[PDB]
Amino acid sequence: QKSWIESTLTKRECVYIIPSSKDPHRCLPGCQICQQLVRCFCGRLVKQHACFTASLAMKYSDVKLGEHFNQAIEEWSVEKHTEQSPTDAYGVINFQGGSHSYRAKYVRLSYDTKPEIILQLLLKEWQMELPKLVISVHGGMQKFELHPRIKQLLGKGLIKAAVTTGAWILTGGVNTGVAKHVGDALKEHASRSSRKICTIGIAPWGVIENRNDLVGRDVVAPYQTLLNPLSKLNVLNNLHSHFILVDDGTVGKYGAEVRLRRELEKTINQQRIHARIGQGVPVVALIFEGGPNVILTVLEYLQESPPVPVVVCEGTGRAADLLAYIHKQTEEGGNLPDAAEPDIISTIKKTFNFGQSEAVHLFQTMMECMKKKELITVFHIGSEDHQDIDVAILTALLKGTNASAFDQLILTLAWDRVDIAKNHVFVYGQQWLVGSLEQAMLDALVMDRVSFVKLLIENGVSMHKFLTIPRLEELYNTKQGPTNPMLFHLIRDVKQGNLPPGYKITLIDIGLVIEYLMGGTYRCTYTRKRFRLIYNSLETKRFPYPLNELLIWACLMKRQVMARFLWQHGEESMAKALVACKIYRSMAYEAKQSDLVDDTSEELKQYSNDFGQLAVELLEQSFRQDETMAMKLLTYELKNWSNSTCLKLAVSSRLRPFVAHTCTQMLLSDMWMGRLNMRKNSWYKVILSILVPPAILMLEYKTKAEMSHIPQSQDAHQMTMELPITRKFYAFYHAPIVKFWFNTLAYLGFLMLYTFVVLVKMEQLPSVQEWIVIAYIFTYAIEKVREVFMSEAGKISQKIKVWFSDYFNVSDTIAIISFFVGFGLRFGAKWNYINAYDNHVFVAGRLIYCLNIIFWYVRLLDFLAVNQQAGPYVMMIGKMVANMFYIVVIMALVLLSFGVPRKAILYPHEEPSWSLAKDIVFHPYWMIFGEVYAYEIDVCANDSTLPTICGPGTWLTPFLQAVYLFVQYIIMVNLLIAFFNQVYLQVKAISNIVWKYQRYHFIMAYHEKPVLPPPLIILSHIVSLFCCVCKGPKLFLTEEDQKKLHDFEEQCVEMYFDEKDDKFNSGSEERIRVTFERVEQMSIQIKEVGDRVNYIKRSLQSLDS
Amino acid sequence: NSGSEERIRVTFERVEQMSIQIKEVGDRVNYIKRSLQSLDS
Amino acid sequence: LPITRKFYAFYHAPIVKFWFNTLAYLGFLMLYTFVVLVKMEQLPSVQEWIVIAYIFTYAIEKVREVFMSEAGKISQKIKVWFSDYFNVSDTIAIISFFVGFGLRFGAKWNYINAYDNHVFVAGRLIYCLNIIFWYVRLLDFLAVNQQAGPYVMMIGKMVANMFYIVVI
Amino acid sequence: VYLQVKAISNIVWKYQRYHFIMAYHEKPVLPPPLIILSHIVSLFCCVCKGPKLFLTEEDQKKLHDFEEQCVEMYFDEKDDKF
Ligand SMILES: CCCCCCCC/C=C/CCCCCCCC(=O)O[C@@H](COC(=O)CCCCCCCCCCCCCCC)COP(=O)([O-])OCC[N+](C)(C)C
Ligand SMILES: CCCCCCCC/C=C/CCCCCCCC(=O)O[C@@H](COC(=O)CCCCCCCCCCCCCCC)COP(=O)([O-])OCC[N+](C)(C)C
Ligand SMILES: CCCCCCCC/C=C/CCCCCCCC(=O)O[C@@H](COC(=O)CCCCCCCCCCCCCCC)COP(=O)([O-])OCC[N+](C)(C)C
Ligand SMILES: CCCCCCCC/C=C/CCCCCCCC(=O)O[C@@H](COC(=O)CCCCCCCCCCCCCCC)COP(=O)([O-])OCC[N+](C)(C)C
Ligand SMILES: CCCCCCCC/C=C/CCCCCCCC(=O)O[C@@H](COC(=O)CCCCCCCCCCCCCCC)COP(=O)([O-])OCC[N+](C)(C)C
Ligand SMILES: CCCCCCCC/C=C/CCCCCCCC(=O)O[C@@H](COC(=O)CCCCCCCCCCCCCCC)COP(=O)([O-])OCC[N+](C)(C)C
Ligand SMILES: CCCCCCCC/C=C/CCCCCCCC(=O)O[C@@H](COC(=O)CCCCCCCCCCCCCCC)COP(=O)([O-])OCC[N+](C)(C)C
Ligand SMILES: CCCCCCCC/C=C/CCCCCCCC(=O)O[C@@H](COC(=O)CCCCCCCCCCCCCCC)COP(=O)([O-])OCC[N+](C)(C)C
Ligand SMILES: CCCCCCCC/C=C\CCCCCCCC(=O)O[C@@H](COC(=O)CCCCCCCCCCCCCCC)COP(=O)([O-])OCC[N+](C)(C)C
Ligand SMILES: CCCCCCCC/C=C\CCCCCCCC(=O)O[C@@H](COC(=O)CCCCCCCCCCCCCCC)COP(=O)([O-])OCC[N+](C)(C)C
Ligand SMILES: c1ccc2c(c1)CCC[C@H]2Nc1nc2ccccc2[nH]1
Ligand SMILES: c1ccc2c(c1)CCC[C@H]2Nc1nc2ccccc2[nH]1
Ligand SMILES: [Ca+2]
């Protein structure tokens, strides 16, 4: 068929002919007039029954000869005299003209379609996602009129209480009924032009203009609404999406459409809201101005089961007025003022031009309405009764379908309307069965409903009680909500295989992810023997600190808005925002690496940097409250996050705005001093004390009450507890600043000797100055061997990979290898006694030194970068050398553009040679640097150093060179200058941060560097290794000092979440925003109130007169 | 006192304290007219 | 993906069409340069015929680039071809080269001493100067990069805007 | 004139890139020493006798639904930004 729509659905056509009129108004032989003016109970004319066999049944008059027991026919059975057929219509209405050619859809189906057959097209054919609500509108069919307030206010709600939910509004479609006014709201309050509220307007095939235009299989019906008042067929209202053109076989008349409307409104109450919720999608009913049949069908809902509620609004008009007028009377139904039933019937008499014989049962119909004054939510539009109508509808469903507060909560959890919950469920005395609240948290978590999580926490859900092992196993193992495909890709990687078919994730498998994401030696609670034993076993089946487990969940499941919510709660907020930043960042790098799904990788690096900026903005807030304790917050062992540190994490997330913040730069300096007080002391005295060891004793140290915030080593804290003299030499030599200035004076004694050897002639054997030099590099090599073996990891593959990843561990390896190549060729060589420097092996190693020397002078930029003025230029000399490579390629294209012609034009008798590789590159390079070779330009001139190069064509080179240098100096060299000017301020505000971040890795290499410099560091290796064959810097806080510190972090977080609140709520652009929103809501209650005053004074002067 | 950022500050604080005595006062008016039309009727 | 659709998929990729020219052109500039720099005999050498061959087939590739430049007006095709910086320079560089080969090959030979024939010399020196047109091509190829090209485009927008400082 | 010409030479470059890439979609396969074969084997074969987006039918439909969607947002976000 190529169309499932017409494969399943059918169409009704009057396949028989039933006249309904006999009397010849004109032209006594009725056969003539019966052709054109005698219609069937088919509605269509007897000749409009084409129906090819029935077209030949346009015989003399038609089927059933004139007499035929005259009153015989007059029935038109819709069963056999109206058969079915495959649908000839199905398309997309264009609505040509009125707003950007808004679309809608239809089929033209028969009402034969069983209720379940009608639901199983709306979802899968038209891709209408299942609703959370249904706002069938059962008011007046004939057009009616409203007041400017109620017109727009009810247009606020049908947009508000339906855009939030799914809200398949059920209308009549036509531009005359309630369908009329609802569409007018859809334009005035035009929502964000998107999939807005998809109104599913059931239309009859009866009162419909352009019915022929609808007859097209996959046809864009060029539809146009004529407002011709002479017209009688009702045009479809403009603002309606998908239509259901119910086909009864007839035209012009009502009927079948009402049958479908129950029969879809009853199966959508049989479909479930969501996999998590067990309820069915509820149904409401709204009444605008009603009518006689309306007052009947309003009631039957209040009677029939399930109790479909109703939202009959009072202000609209004729019927709805009185159905609400009686709500102001008839208290609890059965109680009935018998003196008012003549009065209200007198109001019924005047509105419907209504009869008194019929005044008992219509009045009676309003009684059982009033016997059910519990779910008939008579919205008093006038006042603030129950709220704006948006809330009234959603409030009508909860209060009235005999539903537990849980069952009320699970619905609002689906709608994602919290305001309903805070003010109609979390109101007052209410049963709140505690197990229920727990189960609701399980649902708000799996989806993403942060706002109900906050709500439930703020109404008694202690996560300690609600975070057991099997519950949290689900929270990873749910497709019932926003999911991250990485997590099921990470787990199958670490398991090194393929997940079995079902595979509910175990929390062990998560630990193997976070220990892989965070990395290094991070060891999570899940993998440890305690958890791994109580887990396989199954308040021990709870967790100690739950929001540390949910925060690693919302960050593996890419639920930021939860992570920001679960981060700000709990404790350790600065370690949670630097673990998160390391989880995401370590997820983002997996995304870029493996491409099995969409990228997602820049969505995370923005999520990480959002956590890696709350930490930094929380360090500042602490550093601005107590600079001392705020440096304890960076070094206290955490013990929930793998015996780690709020500053070793940032370094692992490579977060520079923290490691290069001013509190991680004081501490790094207070750690750089050591026990020394280099505030009271001076750098002269360090060097003076290193070479005069007794001068160590004339130094101003710090007390162990000043070194509180500094992390100290294992035995370092042992000393201070249990200043004596042996604790002066230990305190100095184990200071980083001393470890530094005790190397820099061996290294600057290395470079003064190796340089002395490089420069001075070199004999068969090394000299005293040269053995000390070999000795440094050897012991400096070992110091880098040992720097690998003790680089705080278990994976040799990862230690070696992080060692060579630092700029100098390579260069040192280049410089250490080369030197022993050098010593290899220098010492491991023969000796040509008659003349040294003939042995090209000796020479070779000789010249390894003279070039290896350059590696060691650039070391000094490691030592020289300790300064805060210098280092940020040493880091610039690299960030330009990179960013300038392409200006410099051009300058080498300009250099061969000149050198190849200059060398060809001048030296034309050149056999192939390697000097043709120098001479095309040599002079044009020195030209850039002040040289011009002036007596070589114009080689035929008298003043020539090259009077032999003169010959045919050599007059071209002054021109080539003129163009060359113009391009070099006046264009390309000033393109460098211009480059270095405009990349200076950038690279200067980066090379600082790159420097302040390499400072960590520099200082915290001296806290584990030995004491002794690398000529005689070997003793501190000897006396660390043979003693090792016989068998970090932590913050030691007593017990109360942990307590005072936690009280400080809590205090500083509280201010952070309180000052941001102030900087925004008490800014300017926000303050203009409120002043706008106030003066909005003022001016409404100005003109409204001020009107009423004038309606008083015009009366008050008439009351007295 | 006659700048801009300060003048937005006051205009905020005024429209705060206005709007309190708008809705409060404007309520009471409606509680009169619903009565006044019933005092005479 | 079948095998014949691997070779068709690669060789008909632009990135491949590029890096399959830039390694013929950088093999052109390594040879023409070799000929420019090295002495030049009565007849071209192996390194020099390949060079003539590139420019010829590179000329045709620019002939055909006109005839298939998506238009009907020859007056408009030719006008949009010469309107690009290099279609001129290439025409300067292709003409000049065959002027060069014209004078280099279409010339006599003073056996006692080359470089006396000022026609030979003349074309010899067309090459040594035509070479500059082909090194500036590399700024067409080198401008594919998003860091480099935006300097190659600066070296022109300054040479224009600086003419008057340079007259002074 | 560096910051000017740098915020222009990018745009001049990104615009010559079209005319560069979309010259290779119609450049032959073979480089210009032996592109002649792809001329030979385009011309004598021519004596014997562009890059388009091939969308099925539904993909035109999904694309038009996308353009309509993105225009609607454009005329709706400007409305909000002001
Ligand atoms: C004395 C006579 C002989 C020597 C004189 C001649 C010496 C010649 C010159 C020498 C200059 C030496 C310094 C530069 C080399 C890299 C240093 C480094 O750590 O780079 C990186 C390690 O990046 C890695 O991926 C890990 C290891 C890379 C090793 C590459 C060696 C290249 C040099 C070849 C061997 C040359 C030895 C020649 C001798 C046989 C660090 O990062 P980055 O570099 O800042 O940025 C790159 C970023 N990246 C990490 C993502 C990649
Ligand atoms: C943290 C990790 C990074 C650091 C790496 C550390 C490791 C360093 C890496 C080194 C790798 C480089 C190769 C080894 C060097 C020698 C190569 C060579 O050419 O030797 C020559 C000498 O060979 C001899 O045996 C005689 C001289 C003594 C050798 C001293 C060099 C080894 C010292 C290493 C101490 C390192 C331990 C350092 C402590 C850890 C052989 O050739 P020849 O004799 O010249 O040829 C004769 C020719 N003729 C007769 C014609 C003249
Ligand atoms: C014909 C001549 C042509 C030119 C020849 C070559 C000369 C010119 C070149 C020279 C050096 C080339 C190799 C090293 C530099 C490359 C790396 C770099 O630039 O910076 C990078 C590393 O480096 C730094 O961040 C610090 C910079 C170190 C200073 C370099 C010493 C130069 C002095 C030598 C004096 C000796 C002179 C005497 C010698 C006899 C930083 O760059 P970035 O942008 O952050 O990139 C990302 C980095 N990341 C991945 C780590 C995050
Ligand atoms: C398009 C953009 C604008 C360009 C601007 C203008 C471009 C330049 C225009 C220059 C004017 C023309 C100069 C040459 C004139 C003829 C020379 C001649 O006959 O003999 C000369 C030969 O030497 C040469 O021919 C060498 C070329 C001259 C130097 C080129 C200029 C470079 C510097 C300036 C560039 C910028 C200057 C700016 C201008 C103010 C000398 O006489 P001779 O005796 O034959 O030689 C000695 C031999 N003998 C010893 C055996 C006897
Ligand atoms: C600008 C203000 C200054 C004045 C302007 C007025 C200009 C008046 C100029 C007139 C030029 C004609 C005079 C020379 C001819 C006579 C013979 C002669 O000397 O031949 C020389 C050829 O040298 C040349 O041909 C020189 C260059 C010619 C072009 C002149 C510059 C063009 C304008 C600028 C733009 C150009 C592009 C620049 C870049 C943009 C050879 O002589 P030689 O070198 O001594 O060699 C002798 C030895 N040998 C026999 C062994 C070989
Ligand atoms: C090997 C030995 C001999 C050669 C070595 C000596 C060579 C000497 C130097 C040569 C420099 C050659 C390269 C630059 C030429 C222009 C390139 C181009 O396409 O420009 C433009 C084409 O603009 C047009 O209007 C269409 C054609 C203009 C032709 C101009 C030729 C000028 C050189 C005369 C012949 C010289 C040949 C001398 C030889 C007899 C493209 O635009 P644009 O330029 O980016 O900007 C201008 C914009 N415009 C289009 C609005 C105008
Ligand atoms: C898209 C297109 C853009 C590019 C344009 C493409 C077209 C290229 C445009 C070219 C125009 C330039 C003029 C033609 C070149 C020769 C001029 C000359 O001086 O010739 C000389 C040689 O003449 C001979 O006939 C003998 C040598 C063979 C000639 C080969 C050159 C032509 C090849 C063209 C192949 C092009 C086809 C490429 C495919 C399209 C004549 O002078 P002479 O003999 O030295 O004089 C006597 C010397 N004596 C005194 C020492 C005895
Ligand atoms: C005495 C000597 C005095 C000086 C002599 C002369 C030397 C100085 C000059 C030299 C070159 C002069 C001719 C070419 C450049 C002119 C055009 C230009 O500037 O840019 C224009 C085109 O070009 C570009 O947009 C790209 C620029 C390419 C770089 C030029 C090559 C330089 C290298 C050569 C190395 C060889 C060196 C060795 C040689 C032996 C763009 O300009 P624009 O502002 O956008 O204008 C509008 C453009 N529009 C109309 C297209 C929209
Ligand atoms: C690895 C780390 C080691 C630590 C360093 C300490 C151990 C290294 C120390 C000493 C080792 C050498 C001892 C052997 C005897 C010396 C002989 C000698 O050369 O004498 C010369 C002086 O000395 C020198 O010229 C070289 C040694 C001193 C200067 C160079 C090293 C300075 C750095 C290290 C110290 C400062 C460090 C400060 C930096 C902050 C004098 O003799 P001459 O010049 O040949 O001429 C004599 C006259 N005659 C020829 C006419 C007869
Ligand atoms: C148009 C596009 C073509 C595509 C390219 C492929 C075709 C071109 C390939 C080969 C063509 C030549 C074949 C003939 C035989 C060679 C003879 C010869 O010169 O031998 C020399 C080597 O060769 C050279 O020095 C010149 C050729 C190779 C280097 C220059 C081109 C490199 C680019 C192309 C390739 C890489 C491309 C890389 C680009 C990214 C050796 O001898 P000599 O130096 O004279 O000294 C001898 C000394 N003796 C007398 C003592 C013994
Ligand atoms: C040349 C010079 C220094 C450097 C390099 C290259 C490569 C990266 C390592 C860096 N060294 C370094 N020493 C420091 C001391 C204090 C603070 C920051 C420091 N950074
Ligand atoms: C010197 C250098 C390059 C150029 C000129 C002159 C003249 C204009 C054409 C330009 N070449 C070019 N190649 C490109 C490759 C990629 C993207 C953009 C590109 N622009
Ligand atoms: Ca100078």
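Residue positions begin at 1 at the first shown residue.
Recorded method is electron microscopy, 2.9 Å.
Any Cβ shown, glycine's included, is placed from N, Cα and C.
Swiss-Prot lists A:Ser99 (among others) with the feature phosphoserine. Under DSSP, A:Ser99 (phosphoserine) is assigned to coil, being neither helix nor strand in the three-state scheme. Around A:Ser99 (phosphoserine), the same-chain residues six or more apart in sequence whose CB sits under 8 Å from its CB are A:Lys187, A:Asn238, listed in sequence order.
Long-range neighbours of the transmembrane segment (A:735-760) within the same chain, counting only residues 6 or more positions beyond its ends whose Cβ lies under 8 Å from a Cβ of the stretch, are 671-676, 678, 683, 686-687, 690-691, 766-767, 769-770, 772-773, 776, 849-850, 853, 856-857, 859-860, 863, 866, 1003, 1006-1007, 1009-1015. The transmembrane segment annotation in Swiss-Prot covers A:735-760 (among others) and is backed by experimental evidence.
Marked as topological domain 'Extracellular' by Swiss-Prot: A:761-766 (among others). Outside the topological domain 'Extracellular' (A:761-766), and at least 6 residues removed from its termini, the chain residues within Cβ reach (under 8 Å) are 773-774, 823, 826-827, 831, 836, 846.
Annotated transmembrane segment per Swiss-Prot: A:767-788 (among others), in sequence order.
As annotated by Swiss-Prot, topological domain 'Cytoplasmic' applies to A:789-807 (among others), with the evidence given as a curator's inference. Residues of the same chain lying 6 or more positions beyond the ends of the topological domain 'Cytoplasmic' (A:789-807) and with a Cβ under 8 Å from any Cβ of it are 520-521, 813, 1001, 1008, 1032.
Taken from Swiss-Prot, the feature transmembrane segment applies to A:808-827 (among others), supported by experimental evidence.
Within its own chain, the topological domain 'Extracellular' (A:828-840) has Cβ neighbours under 8 Å at 761-764, 846, counting only residues six or more beyond its boundaries. Sequence annotations record features per position, and here Swiss-Prot assigns topological domain 'Extracellular' to A:828-840 (among others) based on a curator's inference.
For A:841-864 (among others), the entry in Swiss-Prot reads transmembrane segment.
Residues or ranges marked as topological domain 'Cytoplasmic' by Swiss-Prot on the basis of a curator's inference: A:865-883 (among others). Within the chain carrying the topological domain 'Cytoplasmic' (A:865-883), a Cβ under 8 angstroms from the stretch's Cβ atoms is held by residues 740, 979-980, 983-984, 987-988, 990-992, 994-995, 998, 1002, all 6 or more beyond its ends.
Per Swiss-Prot, transmembrane segment is recorded for A:884-907 (among others). Only residues 6 or more beyond the boundaries of the transmembrane segment (A:884-907), in the same chain, are considered here, and those with a CB under 8 A from a CB of the stretch are 916, 919-925, 928, 939, 946, 949, 953-954, 956-957, 960-961, 963-964, 967-968, 972, 975-976, 979.
Residues or ranges marked as intramembrane segment in Swiss-Prot: A:910-950.
As annotated by Swiss-Prot, S-palmitoyl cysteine applies to A:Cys1027 (among others), with the evidence given as similarity to another entry. Using a 10 Å radius centred on the Cβ of A:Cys1027 (S-palmitoyl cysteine) and all shown protein chains, the other Cβ atoms total 9.
Under 8 Å, Cβ to Cβ, and six or more positions away along its own chain, A:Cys1028 (S-palmitoyl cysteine) finds no residue. Annotation source Swiss-Prot lists S-palmitoyl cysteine at A:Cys1028 (among others).
The Cβ of A:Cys1030 (S-palmitoyl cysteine) has 5 neighbouring Cβ atoms from other residues within 10 Å, across all protein chains displayed. DSSP assigns A:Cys1030 (S-palmitoyl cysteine) to a helix in the three-state reduction. The S-palmitoyl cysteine annotation in Swiss-Prot covers A:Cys1030 (among others).
A coil conformation is recorded for A:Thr1038 (phosphothreonine) in the three-state DSSP classification, outside any helix or strand. Neighbour density for A:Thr1038 (phosphothreonine): within 10 A of its CB lie 9 other CB atoms from the protein chains shown. Taken from Swiss-Prot, the feature phosphothreonine covers A:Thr1038, and the record attributes it to similarity to another entry.
Taken residue by residue with DSSP, A:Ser1066 (phosphoserine) is part of neither helix nor strand, so it is coil. Take the CB of A:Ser1066 (phosphoserine) and look out to 10 A: across all protein chains shown you find 11 other CB atoms. Per Swiss-Prot, phosphoserine is recorded for A:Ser1066 (among others), and the stated evidence type is similarity to another entry.
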For the topological domain 'Cytoplasmic' (A:865-883), what does DSSP give as the number of helix, strand and coil residues?
14 helix, 0 strand, 5 coil
Intermolecular Cβ proximity, recorded positions A:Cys1030, A:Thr1038, A:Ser1068, A:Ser1099 versus chain B, under 8 Å:
A:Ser1068, A:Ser1099
Sorry to bug you, but what's the C-alpha spacing from A:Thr1038 (phosphothreonine) to A:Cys1030 (S-palmitoyl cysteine), rounded to the closest Å?
32
Candidate recorded positions A:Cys1027, A:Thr1038, A:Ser1099, pick with smallest Cα gap to A:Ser1066 (phosphoserine):
A:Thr1038
Report, as a single number, how many Cβ atoms besides its own are within 10 Å of the Cβ of A:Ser1068 (phosphoserine).
12
Write down the Cα-Cα distance for A:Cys1027 (S-palmitoyl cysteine) and A:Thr1038 (phosphothreonine), rounded and given in Å.
31
What are the DSSP helix/strand/coil residue counts across the topological domain 'Extracellular' (A:828-840)?
1 helix, 0 strand, 12 coil
So how many other Cβ atoms are close to A:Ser1099 (phosphoserine), meaning within 10 Å of its Cβ?
13
Residue distribution over DSSP helix, strand and coil in the topological domain 'Extracellular' (A:761-766):
0 helix, 0 strand, 6 coil
